[PDB]
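Notes for the one structure printed next.
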Amino acid sequence: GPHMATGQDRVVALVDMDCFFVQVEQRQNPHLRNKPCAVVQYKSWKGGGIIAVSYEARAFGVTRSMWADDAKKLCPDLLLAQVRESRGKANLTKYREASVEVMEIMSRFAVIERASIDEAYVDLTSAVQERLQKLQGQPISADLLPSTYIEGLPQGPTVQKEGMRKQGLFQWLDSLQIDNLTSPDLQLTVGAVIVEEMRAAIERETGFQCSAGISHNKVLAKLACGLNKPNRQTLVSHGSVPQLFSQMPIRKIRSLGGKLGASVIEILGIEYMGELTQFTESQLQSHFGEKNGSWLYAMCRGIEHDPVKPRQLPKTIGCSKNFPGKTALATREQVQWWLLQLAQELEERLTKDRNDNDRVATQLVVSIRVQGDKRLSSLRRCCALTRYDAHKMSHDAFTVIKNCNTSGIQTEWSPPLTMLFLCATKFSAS
DNA sequence: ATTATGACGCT
DNA sequence: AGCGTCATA
Ligand SMILES: [Mn+2]
Ligand SMILES: [Mn+2]
Ligand SMILES: [Mn+2]
C-alpha cells in the first residue's frame with residue numbers, strides 16, 4: 001500500500017526523428033518534399049538497399065531492408081536519394097552531422113542520452129519542477145499541448161482523428177489536479193508542455209520534424225513515441241499501463257524483440273506484456289536470470305529504473321564494409337587496399353572528433369567475417385591506437401589479422417573475407 | 001546480397 | 001579481452 005514503489009519519480013522523454021535520413025535529403029532537395037521517397041545505399045545490386053522511407057511511400061508498402069527494384073514494383077513513382085559514397089564505401093557523414101544539429105538543440109533543455117543517430121532520451125524531472133514553480137498553480141491549457149496524445153483517452157460515456165486527440169486531451173486536463181506539485185500525472189503533463197517546446201525548436205531551427213514520448217521511464221517513453229508517429233507526441237501515464245499492456249505483444253518492448261522475448265513467450269506460454277504480472281519475481285528470475293527477472297517483474301507494472309545517461313556523443317567511432325557473394329576479398333593486396341580505405345575514413349572522422357570534442361581514441365578494434373560464417377563477426381582483435389594516421393592504422397589492422405589467412409602462399413587470402421570493420425574506442429580527454 | 005553502424009551484457 | 005545480443009537509419 002503506502003510502501004509499494006510505483007516508479008513515478010521521474011519524467012523521461014524520448015525524442016525520435018521522423019523518417020530521419022529522408023528528411024535530411026528532403027531539406028537539401030526541395031523536389032523530394034511531400035513525395036513518396038526513400039534513401040538507398042548502393043545501386044548496382046537490385047537498385048540498392050532502402051534504409052529510410054517517407055510516410056507517403058510507406059502507404060504503398062515500401063519498407064526499410066527492401067531492395068529499391070522491389071520497392072519500385074509497389075510504388076513506380078518512388079523518388080530515391082542515394083547515400084554518399086567515398087573511398088569505395090557508403091559514407092554516413094551527412095546524417096551524423098544532421099544528428100548533431102538536433103542533439104545540440106535538445107541539450108539546451110536538459111542533459112541528454114544519445115540513443116541512436118536520430119533519437120535521445122531526456123530526464124525532464126528537474127525542468128518540470130521549475131516550470132511548476134513559476135506556473136503558480138495555474139492550470140494547463142490545451143493550447144500548450146497542440147500535438148499531444150494522451151494514451152488511453154478518450155474513454156467512457158466525432159469520427160475525425162484530430163477530433164479524437166482533442167477529446168482525449170480535454171478528458172485528461174479536466175481530471176488533472178494542478179494544485180499538487182508532487183502529482184505524477186501533473187508532472188508528466190508539464191513534461192509534455194516542455195517537449196512541445198523542444199520539438200518546436202527542433203523544427204524551427206533545422207526544418208526536421210520529430211515525434212516524442214513522455215512517461216516515467218525510458219522504456220515507456222520509447223513505446224509512447226511510436227504510438228502516434230509522425231509529427232506528434234504521446235503521454236503514457238502510469239495509470240494507462242494496465243490497459244496498454246493487456247494487448248501489447250511482448251516483442252514490442254525495447255530489449256524483448258529478440259531471443260529473450262521469444263523465450264518469455266515460449267517458456268511462460270503468454271503473448272502480452274500484461275500477462276507477466278501473474279508471475280512472482282523469483283519465478284521470472286528462475287527462467288530469465290536475476291537481472292532480467294527483476295527487470296521484467298517491474299517492467300510489466302510500468303516500472304523501470306534505468307537512468308538517462310549524460311552522454312551526447314557516441315563513445316566509439318567505426319567504419320565497416322561487407323564484401324558479399326562474389327566480391328569477397330581473396331587476395332592480400334585487396335584486403336590491404338580496403339583496410340586503407342576504411343582507415344582513411346576513420347582518420348578523417350577521428351581528426352574532426354578530436355577538434356570538436358577535446359578527446360582522443362586510444363584503442364583500435366579490428367573485426368572481420370569469414371565466408372561460410374554464421375555470425376555478423378567471425379573474429380575481433382584490438383591493438384593500440386597511438387596516432388591518427390590512416391596508413392599506420394591500416395598496417396596495424398593487417399598485423400592483427402594476418403594469421404587468419406589459411407592459404408599456403410601468402411599472396412592469396414583464404415578463406416575469403418566477407419566483412420572488414422575498424423573501430424576506434426577508449427577515449428580520453430585531450 | 002539489407003548494410004552500416006553503435007551500446008551493453010556475459011564470462 | 002573477445003563474443004553475443006539487440007538496437008536503429
Ligand atoms: Mn526515427
Ligand atoms: Mn530512431
Ligand atoms: Mn525505424
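The analysis underlying the following values was restricted to heavy atoms, covering all of them including side chains, and did not include hydrogens, waters or symmetry mates. Order of the sequence lines sets the chain letters (A, B, ...), proteins ahead of strands, with each chain counted from 1.
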Closest to side chain of [X], choosing from [options]:
X: A/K315; options: B/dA7, C/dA7, B/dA4; value: B/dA7
X: A/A52; options: B/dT5, C/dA9, B/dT3; value: C/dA9
X: A/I117; options: B/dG6, C/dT5, C/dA9; value: C/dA9
X: A/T327; options: B/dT5, B/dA1, C/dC3; value: B/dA1
X: A/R380; options: C/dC3, B/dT5, B/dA7; value: C/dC3
X: A/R375; options: C/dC3, B/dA7, C/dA7; value: C/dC3
X: A/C382; options: C/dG4, B/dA4, C/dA1; value: C/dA1
X: A/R349; options: B/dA4, B/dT5, C/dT8; value: B/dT5
X: A/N322; options: B/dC8, B/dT3, C/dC6; value: B/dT3
X: A/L260; options: C/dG2, B/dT5, C/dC6; value: C/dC6

Looking at [X], does any N or O in its side chain come under 4.0 Å of the phosphate oxygens OP1/OP2 on [N]?
X: A/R311; N: B/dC8; answer: yes
X: A/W45; N: B/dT2; answer: no
X: A/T316; N: B/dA7; answer: yes

*Indicate the ring-plane relationship of A/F20 and A/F208, choosing parallel, tilted or perpendicular according to the 30° and 60° boundaries.*
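Rings of A/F20 and A/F208: perpendicular, as their planes differ by over 60°.
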How long is the line joining [atom1] of [X] and [atom2] of [N], in whole Å?
X: A/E113; N: B/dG6; atom1: CD; atom2: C1'; value: 12 Å
X: A/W295; N: B/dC8; atom1: CH2; atom2: P; value: 15 Å
X: A/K229; N: C/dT8; atom1: NZ; atom2: P; value: 11 Å
X: A/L350; N: B/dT5; atom1: CG; atom2: P; value: 13 Å
X: A/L346; N: B/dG6; atom1: CG; atom2: P; value: 10 Å
X: A/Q82; N: B/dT3; atom1: CD; atom2: P; value: 16 Å
X: A/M66; N: C/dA9; atom1: CE; atom2: P; value: 17 Å
X: A/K291; N: C/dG4; atom1: NZ; atom2: P; value: 19 Å

*Non-hydrogen atoms of A/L376 and A/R369 that approach each other most closely*: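 For A/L376 versus A/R369, the nearest heavy atoms are O-NE, 2.8 Å.
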*Is there a side-chain contact between A/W172 and A/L145, using heavy atoms and a 4.5 Å cut-off?*
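A side-chain contact under 4.5 Å is absent here.
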*For residues A/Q344 and A/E347, determine if any side-chain heavy atom of one lies less than 4.5 Å from a side-chain heavy atom of the other.*
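Not touching, per the 4.5 Å side-chain cut-off.
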*Pairwise 5' ranking along DNA chain B for A/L313 and A/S44, keeping only the more 5' one*: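 So the residue in question is A/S44.
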_5' priority, DNA chain B, between A/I51 and A/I317 [closest heavy atom]_ =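 Result: A/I51.
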*Distance, P atom - from C/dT8 to B/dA1, rounded to whole angstrom*: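 Pairwise P distance, B/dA1 against C/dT8, rounds to 25 Å.
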Assign [X] to base, sugar-phosphate, or nothing according to its heavy-atom contacts below 4.0 angstrom with the strands shown.
X: A/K326; result: nothing
X: A/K309; result: sugar-phosphate
X: A/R64; result: base
X: A/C423; result: nothing
X: A/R96; result: sugar-phosphate
X: A/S255; result: sugar-phosphate
X: A/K89; result: sugar-phosphate
X: A/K222; result: sugar-phosphate
X: A/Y42; result: sugar-phosphate

Are [X] and [Y] within salt-bridge range, i.e. N to O under 4.0 Å?
X: A/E304; Y: A/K222; answer: no
X: A/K72; Y: A/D69; answer: no
X: A/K321; Y: A/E345; answer: no

*asked:* On DNA chain C, compare the nucleotides closest to A/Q363 and A/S377; which residue's is nearer the 5' end?
replied: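 It is A/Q363 whose nearest nucleotide is closer to the 5' end.
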*Is there ring stacking between A/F20 and C/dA9, where the centres must be under 5.5 angstrom apart and the planes under 30 degrees?*
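Stacking is absent between C/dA9 and A/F20, given that the ring centres and planes do not meet under 5.5 Å and under 30°.
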*asked:* Using the side-chain contact (heavy atoms from CB on, under 4.5 Å) definition, which of the options A/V360, A/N357, A/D353, A/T362 pairs with A/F427?
replied: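 The passing option is A/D353.
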